[PDB]
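Beneath this line is the structure, given in structure tokens, with notes to follow.
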Amino acid sequence: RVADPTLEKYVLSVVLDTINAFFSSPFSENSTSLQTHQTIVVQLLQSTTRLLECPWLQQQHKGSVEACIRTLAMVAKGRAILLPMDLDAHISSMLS
């Protein structure tokens, strides 16, 4: 029942944009070194989808979260990384 506006802005403005830019760039689709790390991608997936599921998210910035989810899902599909059953079902609920 507490919140820091500055921390919320930090988590909703710059971090999401940085992740989206990193995972939706021409130099990232190659995944020369991205193949080694997949646990971090899974952790980002779960954290971001939980943040989306949180109801307090305002519509103004729910879009950035959704875009990040889509981008990371596209990266995961190409990388063929392992997914948890529940997380995969939840993601597929919105993929189509």
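Derivation of every value follows stated rules applied to the coordinates shown; laboratory data play no part. With ideal geometry, Cβ positions are generated from the backbone for all residues, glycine too; neighbour counts draw on all protein chains shown.
So the values come out like this:
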{"item": "Unique residue being exposed (fewer than 14 other Cβ atoms within 10 Å of the Cβ), part of a helix (DSSP H, G or I) and either out of contact with any strand residue (DSSP E or B) (no Cβ under 7 Å at 6 or more places or on another chain) or not hydroxyl-bearing (S, T, Y) (or both) when the list is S64, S47, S25", "result": "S47"}
{"item": "Failed item in (1) loosely packed, with under 14 Cβ neighbours inside 10 Å; (2) of a type in the set (S, T, Y); (3) farther than 23 Å from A3 by Cα, with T71 passing the rest", "result": "(1)"}
{"item": "Residues of segment 52-76 that turn out to be farther than 15 Å from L12 by Cβ and among the hydrophobic types (A, V, I, L, M, F, W, C), as a count", "result": "5"}
{"item": "Residue that is among the hydrophobic types (A, V, I, L, M, F, W, C) and surrounded by 11 or more Cβ atoms within 10 Å (Cβ to Cβ), where the choices are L82, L7, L12", "result": "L12"}
